[PDB]
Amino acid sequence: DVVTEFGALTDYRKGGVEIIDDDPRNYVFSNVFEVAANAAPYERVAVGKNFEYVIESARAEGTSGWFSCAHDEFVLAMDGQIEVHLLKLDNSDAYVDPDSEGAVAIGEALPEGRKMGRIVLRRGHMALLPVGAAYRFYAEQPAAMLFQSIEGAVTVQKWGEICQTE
């Protein structure tokens, strides 16, 4: 019987960099489940960065505050069940500087706009987070998720603390 091995918040197994003639720091090696496990709920920790772009890791637990962005973003559920709520902003420029990049925390209070819909993600499901929408998450049990985004006001960097230095 074929068994495909997936990670989870409470069940992962880090590999790492084996050295011949290098510095393990060059490979910026971490495990996204570990990063999520040690963070505040909905804290978005950069696990990858290339110029301005980032991949962020986060533990979904309880209900998030609202987010919006001046560009598209994508979220990939990695572990448990995560609910996504989408709201079409009446004046999105009231909450997000159009010149800004990366997600903006726009408050716990309900912003003004129309209901777009609801998404329920399980492990391995990706949803779009469209520019001009506000979004928020609800997870009953802790679950892990990743963001394809740009570094901005919500992006927490802590490389020395999450990466292998061997």
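In this text, residue numbers run from 1 along the sequence as written.
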Higher-B stretch (mean Cα B-factor, as the entry records it), 74 to 82 or 92 to 100: 92 to 100
Comparing 115 to 123 with 47 to 55, the one whose average Cα B-factor in the PDB entry is higher: 115 to 123
Options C69, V32, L128, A139 - largest CA temperature factor per the record: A139
Chain-relative CA temperature factor third for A60: highest
Lowest, middle or highest third - CA B-factor, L9: highest
Chain-wide C-alpha B factor ranking for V28, given as lowest, middle or highest third: lowest
